[PDB]
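Asks: Input: one structure, supplied below.
Only the coordinates and a few stated rules stand behind these numbers; no lab work does. Cβ placement follows ideal geometry from the backbone for every residue including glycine, while neighbour counts extend to all protein chains displayed.
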Amino acid sequence: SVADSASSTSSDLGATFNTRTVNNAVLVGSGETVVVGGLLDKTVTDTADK
Amino acid sequence: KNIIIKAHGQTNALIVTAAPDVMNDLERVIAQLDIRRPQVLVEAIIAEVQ
């Protein structure tokens, strides 16, 4: 998709193009639920001054 | 003269119109060449602090 709340467009090409891209090969039985690809991630940051 | 192997691709089957006496040297090798293959699950993790 494209977000562009605010991004780097320098009056050139205005675009972010958020994307996730998978490709692979797998053997699978006929009627079966199959896990192909996965990602899970947290990200914390702190700022203090006194 | 020679062995002419042709492959179909539209039924995924192949032919052998070659020697009519030693084909057994082909049945054995294809039998050793058609085999289910196991697949492996890879996950990597990273983490840092700044």
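Asks: Please state which of the following conditions A:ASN24 fails to meet, knowing it meets all the rest: (1) surrounded by fewer than 10 Cβ atoms within 10 Å (Cβ to Cβ); (2) over 20 Å from B:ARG36 (Cβ atoms); (3) of a type outside the set (A, V, I, L, M).
Replies: Going through the list (1) surrounded by fewer than 10 Cβ atoms within 10 Å (Cβ to Cβ); (2) over 20 Å from B:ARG36 (Cβ atoms); (3) of a type outside the set (A, V, I, L, M), A:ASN24 breaks only (2).
Asks: Follow-up. Among B:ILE4, B:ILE30, which is in contact with a strand residue (DSSP E or B) (Cβ under 9 Å, 6 or more places away or on another chain), surrounded by 10 or more Cβ atoms within 10 Å (Cβ to Cβ) and away from chain A (no Cβ under 14 Å)? Don't jump to the end; show me each part of the working.
Replies: Values: B:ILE4 fails: surrounded by 10 or more Cβ atoms within 10 Å (Cβ to Cβ).
Just a single option satisfies the conditions, and that option is B:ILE30.
Asks: Quick one: what pairs do we get from the stretch B:21-40, first residue closer than 18 Å to B:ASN2 by Cβ, second of a type outside the set (D, E, K, R), C-beta under 7 Å, 6+ apart or different chains?
Replies: B:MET23/B:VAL16; B:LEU26/B:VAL16
Asks: Okay, moving on. Any residue in the stretch A:26-46 that's outside any loop (DSSP other than H, G, I, E, B): show its pairings with residues that are surrounded by 10 or more Cβ atoms within 10 Å (Cβ to Cβ) at Cβ separation under 6 Å, as long as the two are six or more apart or on different chains.
Replies: Listed pairs, sorted by first residue: none to list.
Asks: Is the stretch A:18-26 home to any residue that is away from chain B (no Cβ under 12 Å) and more than 24 Å from B:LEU41 (Cβ to Cβ)? Spell out how you get there, then give the answer.
Replies: Within the stretch A:18-26, the first condition is being away from chain B (no Cβ under 12 Å), and the residues that meet it are A:18-23.
In the following step, the residues that additionally are more than 24 Å from B:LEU41 (Cβ to Cβ) were identified as A:18.
Taking every residue of the stretch A:18-26 in turn, at least one turns out to be away from chain B (no Cβ under 12 Å) and more than 24 Å from B:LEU41 (Cβ to Cβ).
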